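J.: Sharing a structure below in C-alpha cells format, with a few things to ask.
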Amino acid sequence: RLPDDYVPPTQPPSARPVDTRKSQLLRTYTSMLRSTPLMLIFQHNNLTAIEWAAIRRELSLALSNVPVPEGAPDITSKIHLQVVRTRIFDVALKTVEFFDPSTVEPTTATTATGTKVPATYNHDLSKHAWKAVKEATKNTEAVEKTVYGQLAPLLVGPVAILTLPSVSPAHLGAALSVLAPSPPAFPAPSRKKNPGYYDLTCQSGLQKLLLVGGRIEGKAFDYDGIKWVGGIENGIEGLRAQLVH
Amino acid sequence: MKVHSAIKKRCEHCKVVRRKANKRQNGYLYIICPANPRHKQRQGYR
Amino acid sequence: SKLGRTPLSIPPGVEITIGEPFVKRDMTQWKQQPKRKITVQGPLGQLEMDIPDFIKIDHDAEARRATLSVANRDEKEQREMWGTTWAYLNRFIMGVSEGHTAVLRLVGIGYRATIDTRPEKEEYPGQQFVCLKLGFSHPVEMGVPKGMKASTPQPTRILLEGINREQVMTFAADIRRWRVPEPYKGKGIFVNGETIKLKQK
Amino acid sequence: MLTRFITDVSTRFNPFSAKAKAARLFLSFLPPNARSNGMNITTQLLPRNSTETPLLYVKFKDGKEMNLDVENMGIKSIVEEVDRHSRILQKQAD
Amino acid sequence: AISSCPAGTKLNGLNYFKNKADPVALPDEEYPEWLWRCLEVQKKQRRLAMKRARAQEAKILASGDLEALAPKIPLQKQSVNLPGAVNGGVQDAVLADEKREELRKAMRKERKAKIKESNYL
Amino acid sequence: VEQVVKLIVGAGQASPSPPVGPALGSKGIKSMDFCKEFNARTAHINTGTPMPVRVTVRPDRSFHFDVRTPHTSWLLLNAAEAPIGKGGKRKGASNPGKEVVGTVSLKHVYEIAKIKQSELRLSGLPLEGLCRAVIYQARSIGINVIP
RNA sequence: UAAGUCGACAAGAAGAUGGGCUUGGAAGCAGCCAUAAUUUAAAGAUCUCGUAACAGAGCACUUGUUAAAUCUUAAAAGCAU
Ligand SMILES: [Zn+2]
C-alpha cells in the first residue's frame, strides 16, 4: 500500500495549496511568458460580456484577412484577448526574472513502492521559487533596472493582455488598428467594408481599452515603440535589406 | 417578537445580539433582522 | 483595531491640544483611572473629550497628523476604546472644520414646520423652537439645544446644523419620535435619507 | 468615488513614470456608461525618453475647475478631495 | 463511404430564402476533416457480471505491483511545470500552447460540480 | 430604462395580434408604425415563418428592432421531418431521453451553423465551435445524430 | 494569509435559449423529462425573490480597489448565559 511519506510523482511539494485557482492560474502565466514572444498589455474598464464578445469579434475577422500562403502553421486562432489576474500575473514576471531553475539541488524521493529515487523540485510553485523571488524583490532600486521593474507600473488595475504565438508584424497591424487605431500608420477599418466594427456595442467597447505598454522578447517597450515594430511589413524581409548593403 | 428557548437565524440579515444587559441584569439574546421584522426573536423570560 | 491605526489628517485651521494625565478625586471610588483632556479647536467651535490613559497619541505637528495606539492589544477594554476613541476624534476634526448637518423630510398631507421664538419656554436667551404641525390636536414645539442652528428651507424640510454629531443626530431623533415612518404610505419624519419599504396594495 | 457629478477629465502622464501610477488608477474608477452619459475624456501619453510633470484636470457640473499635482499626493488623497465637492452638491440639491 | 449521407442527398427544410433551392449534399471528401471527429463526445444481469466481470478484472489487473494502482492525480490538481520552454521554437510554442487549453477545461469541469453541488444544498 | 421585449411573429404577418398587440401596444410605442416597418425588413422569407425579434424600446417611445434568424429549435425540427402535432407545428419529443423524433445527419448540422453565422453578434464565433452548440441542443429536443 | 487572508465597496454573471414537454400563459424559477456540449476573467437549461406570462433584483461564480506582518474560518472539549 502507499506509504505516508510517498508523494505523487506529478505533484511535488508546492509552496502553497495547488487546488486553489490562485496558484493554478500562476502556473499558466509562468508558461505564457515563455511560449508567447509578442505580448501586448491593455487596460479594460468594466467591459460587459456582449461587449467583450464584440471586441473579440473584430480581431478574429481582422486577423483572418492576413495573407499567409507560405504553408506556415495556421497561426490565426491561437491569438486570444484574455483577461488576466493582475496581482497573480505580477508574480509571473518575478518567477521568470528572479528564479533560476539550474540552482536547485536534487533530493531523493519515495515512490509508491517506497524505494528512494533522486528527484529535483524546480516547478514554479515550489518553495525554492517563492524564496528566490521574495529575496530578489528585497532590493528596490536594483529591481527597477530589470525588465520586470520597467513593467511594475503597468501591473496596476485591471489589465487585458493580447497573446500572439509568433512575432509576425502582419498579425500586429491587424490587431493594432482594431484596438489602438492611429492613422495614417495603422488606420481603422473602413466603413463600407467592415460595418460590424462601427456598431453601438463594439464602438463603445473600444473606448474602454487603452494600450499602455507592450512586452517583446522579454523587453519592455513603450507605446510609441510598438508603432516601429508594427510599421515593418515583415520581420523576414527586413533582414534582406541589410544584406544588400 | 417571539420568545423561544432556541433562537435561530432565518435569513442572511439576521444578527445575534445580547441587549438589555446592564449593572442590574444579564440581558437576553436577541435575533434582530432589518429585512423581515417577523424574524425578531428573544431568548429568556423576564 | 484597523481604524485606530489610520492617521488623523488635521486640515488647515484645526488645532489639537493634548492635556496631561489627571485624576478627578471621587469620594465614591477608591481609585480613578487617569484620563487626558483633548481639545480640538477650529473655525466653527471647540470640542473636548477625556480619553483613557492607555491610549497614546502621536501628534505629528510637522505633517499635521495624529495616530493612536494602546499599551496592550490583548485587553478587550483597550481594543474597544481604541477604535471608539478614533471614531470620535474623526468626528471632532470633521465637525469643527466643516460641521455636521442633518436633513429631515416631512411626508404626509398636512405636515409643516416653522422656526419661531417662544420667549415663554426659553432655556437660554434667543432659543429657537421648531413648531411642527404633525396632524396633532396640540402643538409640538421643541427648543433647539444650545450650540445647534435649525432652519427650514421649505415647509416640509428641516435642516439641523452643529459641530457635535451626537448632539445633532440625537436632536433629530427627538423630532422623528413624534411621527415614525409607516410602511403603508410613507408618512412620517425621515432623517438623513432614511427610507421605508412600502406594501403592494 | 462619485462620478455622476464629473463632466470632463483630462489626464496627461507618462506610463513608465512611477508617479503617474496615481493618475492611472484614477482613470479606472470611472464607470462604464461614462461615455454614454456624455462625459468627455481625453488621455495623452508622454514619451518615455523625457517625461514632463504629470497633469490632472477635473471639472464638476457646477463649473468648478480642480487641478491637483499627481506627484505630491497619493491616490487615496485624491479620492478624498473629489468626494467633498461631489458631496456638498448633493446636499445642496436636496 | 463513412457517412450515411451520400453525395446528392436533398437537405430538407434548410433554406428560408425565396430565390434559392434547398442545399444539395456535396462529396464527403471535400468536407473538412474535423467534421469526422467532432462526434467524440456522446457519453440477473448484475449477477452474471459478478461471475465474470469481477473475476476477469482481477486476472488482468495483476495486482502484484503498486504502479498501476496509483491515485492518478487529476491534471487540475497537479503542480508539474507545464511543457513550456523559452525559445523552444514554433513547434514547441504551439505544442506548449495546447496543454494550457487542456488544463482550462479540467478546471472548468470542476466548477460545474462545485456549482451544481452548491445549488443542491 | 430602455426596456426590451421578446416576441415571435410571422415573416410577413405584422399587425395587432396576440403575438404583436399586447407585447408592445401597452408600453406606448406607436405599434402600427412597427407593423409596416417590419415588412420592409422581412420581404424575402416565406409568409408565416417565425422570426425572433429583440425590440429595444428607448425612452420617449422610440423603438429600434433587430430581426434575427429563425429559432434553432425551429430549424432542427423542420429539418428532421418530424410529424406535425398540436397547433399545426412540428412538435418535439415529450421525453428527450427515451423518445426519438428524427435522425439529422452531420451534413445538415454543418448548414444550420452557417445560416446562424449571418448574425453579426454571432459572426465571430468559429464554425468549429458552433456545430457542437447545436449537437448539444439535439439531446434536449429528442433528435438523434447519425454520422 | 502580502500569491492581499477576512469584511466592505465597483462591475460583470455570454451565446444557441422564450431548453423540449406542459398550460389560457410556463421565457433559469407550476409541474414533467433532459440538463454529454460550447465560449469565456467567469457564469446552475438554475439557489432565493418577482410577473397573468415576459421583464426586473440578488446568489453560486469572476476581476479590481481599500487593507491584516502571531490579528483568517471551522470542529471538539472545559466553564458560564
Ligand atoms: Zn432575517
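Residue numbers (the UniProt record's numbering), protein chains in the order written: chain A, 54 to 298; chain B, 79 to 124; chain C, 52 to 252; chain D, 1 to 94; chain E, 77 to 119, 138 to 215; chain F, 12 to 158. In this text, a Cβ means the ideal position worked out from N, Cα and C, and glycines have one as well.
With a cut-off of 6 Å, give the chain-ordered residues whose Cβ is closer than this to any heavy atom of ligand 1.
T.: Here the residues come out as B:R88, B:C89, B:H91, B:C92, B:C111, B:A113, B:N114, B:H117.
J.: Determine the closest residue to residue 132 of chain E out of A:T89, A:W105, A:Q256, with distance taken between C-alpha atoms.
T.: There are no coordinates for residue 132 of chain E in this structure, because the numbering of chain E runs from 119 directly to 138.
J.: Any beta carbon of chain D sitting closer than 8 Å to that of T152 of chain C?
T.: For the purposes of this step, residue 152 of chain C is taken as the residue at position 101 of the third sequence. Interface residue, yes.
J.: For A164 of chain E and chain F, any beta-carbon pair shorter than 8 Å?
T.: Translated into the one-based positions of the fifth sequence, residue 164 of chain E becomes position 70. With 8 Å as the cut-off, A164 of chain E does not count as an interface residue toward chain F.
J.: Does the beta-carbon distance from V209 of chain A to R12 of chain D come in below 8 Å?
T.: Residue numbering aside, residue 209 of chain A sits at position 156 when the first sequence is read from its first letter. Residue numbering aside, residue 12 of chain D sits at position 12 when the fourth sequence is read from its first letter. No, these two residues do not count as a Cβ contact at 8 Å.
J.: Select from A:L229, A:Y251, A:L262, A:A273 the residue whose C-alpha is nearest the C-alpha of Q203 of chain A.
T.: As a working mapping, residue 203 of chain A is identified with position 150 in the first sequence. Of A:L229, A:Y251, A:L262, A:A273, the residue nearest in Cα terms is A:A273.
J.: Does DSSP put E204 of chain E in a helix, in a strand, or in coil?
T.: Your numbering for residue 204 of chain E matches position 110 in the fifth sequence. Residue state, collapsed to three classes: helix.
J.: Please list the terminal residues of the continuous alpha helix (DSSP H) segment that includes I289 of chain A.
T.: Counted from its first residue, the first sequence places residue 289 of chain A at position 236. Element bounds for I289 of chain A: 288 to 297.
J.: Name, please, each residue of chain A whose Cβ falls closer than 8 Å to the Cβ of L160 of chain E.
T.: Indexing the fifth sequence from 1 puts residue 160 of chain E at position 66. Correct list: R54, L55, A165, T166.
J.: Kindly say whether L56 of chain D, judged by its beta-carbon, lies nearer than 8 Å to any beta-carbon of chain A.
T.: Within the fourth sequence, the letter at position 56 stands for residue 56 of chain D. It does not: the Cβ of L56 of chain D has no partner Cβ on chain A nearer than 8 Å.
J.: State buried or exposed for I94 of chain A, treating a residue as buried only when at least 16 other CB atoms are found within 10 Å of its CB.
T.: Here residue 94 of chain A corresponds to residue number 41 of the first sequence, with the count starting at 1. That one is buried.
J.: For a test of the three-state rule: what should DSSP assign to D277 of chain A, helix, strand or coil?
T.: Numbered from its first residue, the first sequence carries residue 277 of chain A at position 224. Correct three-state label for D277 of chain A: helix.
J.: Quick one, which of F:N89, F:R65, F:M62 has its alpha-carbon nearest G99 of chain F's?
T.: The sequence position of residue 99 of chain F within the sixth sequence is 88, counting from 1. Selected option, being the one with the closest Cα: F:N89.
J.: Assign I126 of chain F to one of three DSSP states: helix, strand, or coil.
T.: Numbered from its first residue, the sixth sequence carries residue 126 of chain F at position 115. Note: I126 of chain F maps to helix in three-state DSSP.
J.: In chain A, which residues lie with their C-beta within 9 Å of the C-beta of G21 of chain F?
T.: Residue mapping note: residue 21 of chain F aligns to position 10 of the sixth sequence, counting from 1. Simply none; closest approach about 28 Å.
J.: Out of F:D44, F:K97, F:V111, F:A22, which has the shortest C-alpha to C-alpha gap to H82 of chain F?
T.: As a first step, residue 82 of chain F is located in the sixth sequence; it is residue number 71 there, counting from the start. Out of F:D44, F:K97, F:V111, F:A22, F:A22 has the C-alpha closest to the C-alpha of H82 of chain F.
J.: Against chain E, does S67 of chain A count as a neighbour if the rule is that its beta carbon must be under 8 Å from one of theirs?
T.: Within the first sequence, the letter at position 14 stands for residue 67 of chain A. At least one chain E Cβ lies under 8 Å of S67 of chain A.
J.: What does the alpha-carbon distance come out to for the pair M145 of chain C and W281 of chain A?
T.: By 1-based counting over the third sequence, the position of residue 145 of chain C is 94. By 1-based counting over the first sequence, the position of residue 281 of chain A is 228. Each residue's Cα considered, the two are about 53 Å apart.
J.: Is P236 of chain A close to chain D, meaning its C-beta is less than 8 Å from at least one C-beta of that chain?
T.: Translated into positions along the first sequence, residue 236 of chain A becomes position 183. Not an interface residue.
J.: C92 of chain B by DSSP, collapsed to three states: which one?
T.: Taking the second sequence and counting its residues from 1, the one referred to as residue 92 of chain B is at position 14. If DSSP states are grouped into helix, strand and coil, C92 of chain B belongs with coil.
J.: Where does the unbroken alpha helix (DSSP H) through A83 of chain E begin, and where does it stop?
T.: Position 7 of the fifth sequence, counting from 1, holds the residue named residue 83 of chain E. Counting along the chain, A83 of chain E falls outside any alpha helix (DSSP H), and DSSP gives it neither H nor E.
J.: For a contact meaning CB atoms closer than 9 Å, what does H181 of chain A contact in chain E?
T.: For the purposes of this step, residue 181 of chain A is taken as residue 128 along the first sequence, with counting starting at 1. Those within 9 Å of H181 of chain A in chain E number zero; the least Cβ separation is about 13 Å.
J.: Give the DSSP-derived three-state secondary structure of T166 of chain A in the structure shown.
T.: Position 113 of the first sequence, counted from the start, is the residue given in the question as residue 166 of chain A. In this structure, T166 of chain A counts as coil in the three-state DSSP scheme.
J.: Could you confirm whether any beta carbon from chain A is found closer than 8 Å to the beta carbon of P158 of chain F?
T.: Taking the sixth sequence and counting its residues from 1, the one referred to as residue 158 of chain F is at position 147. Output row for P158 of chain F: interface = no.
J.: Would a check of beta-carbon distances place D127 of chain A closer than 8 Å to chain F?
T.: By 1-based counting over the first sequence, the position of residue 127 of chain A is 74. So, not an interface residue.
J.: For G140 of chain F, count neighbouring C-beta atoms within 10 Å of its own C-beta (all shown protein chains included) and say buried if the count is 16 or more, exposed if not.
T.: As a working note, residue 140 of chain F is residue 129 in the sixth sequence. Exposed, by the Cβ-count rule.
J.: What are the boundary residues of the alpha helix (DSSP H) that includes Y251 of chain A?
T.: What you label residue 251 of chain A is simply residue 198 of the first sequence in a count that begins at 1. Counting along the chain, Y251 of chain A falls outside any alpha helix (DSSP H), and DSSP gives it neither H nor E.
J.: Along chain F, in chain order, which residues have C-beta atoms closer than 9 Å to that of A97 of chain E?
T.: Taking the fifth sequence and counting its residues from 1, the one referred to as residue 97 of chain E is at position 21. Going along chain F, no residue has its Cβ under 9 Å from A97 of chain E, so there is no contact; the nearest lies around 13 Å.
J.: For the stretch 176 to 187 of chain E, which residues have a beta carbon sitting closer than 7 Å to at least one beta carbon of chain A?
T.: Those would be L176, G178, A179, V180, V184, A187, in chain order.
J.: Give me whichever residues DSSP pairs with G21 of chain F in a beta bridge.
T.: Residue 21 of chain F sits at position 10 when you count from the first residue of the sixth sequence. None; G21 of chain F has no bridge partner.
J.: Which residue marks the beginning of the beta strand (DSSP E) containing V79 of chain D, and which one marks its end?
T.: Position 79 of the fourth sequence, counted from the first residue, corresponds to residue 79 of chain D. Taken as a continuous stretch (DSSP letters only), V79 of chain D belongs to no beta strand (DSSP E), being part of the alpha helix (DSSP H) at 75 to 93.
J.: Our contact map puts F180 of chain C next to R163 of chain C with C-beta atoms below 8 Å; I'd like the distance itself, whole angstroms only.
T.: One-based indexing of the third sequence puts residue 180 of chain C at position 129. One-based indexing of the third sequence puts residue 163 of chain C at position 112. That pair is no contact at about 14 Å.
J.: Looking only at its own chain, which residues have a Cβ that is under 6 Å from the Cβ of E99 of chain C, when we skip the five neighbours before and after it?
T.: The residue labelled residue 99 of chain C in the question sits at position 48 within the third sequence. Excluding residues within five positions, the ones whose Cβ falls inside 6 Å are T90.
J.: If you check the beta carbons only, do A25 of chain F and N50 of chain F fall under 8 Å apart?
T.: Taking the first residue of the sixth sequence as position 1, residue 25 of chain F is located at position 14. Taking the first residue of the sixth sequence as position 1, residue 50 of chain F is located at position 39. Yes, these two residues count as a Cβ contact at 8 Å.
J.: What does a CB cutoff of less than 6 Å around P94 of chain C pick up in its chain, not counting 5 residues either side in sequence?
T.: What you label residue 94 of chain C is simply residue 43 of the third sequence in a count that begins at 1. Once the five neighbours on either side are set aside, the close Cβ partners of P94 of chain C are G64.
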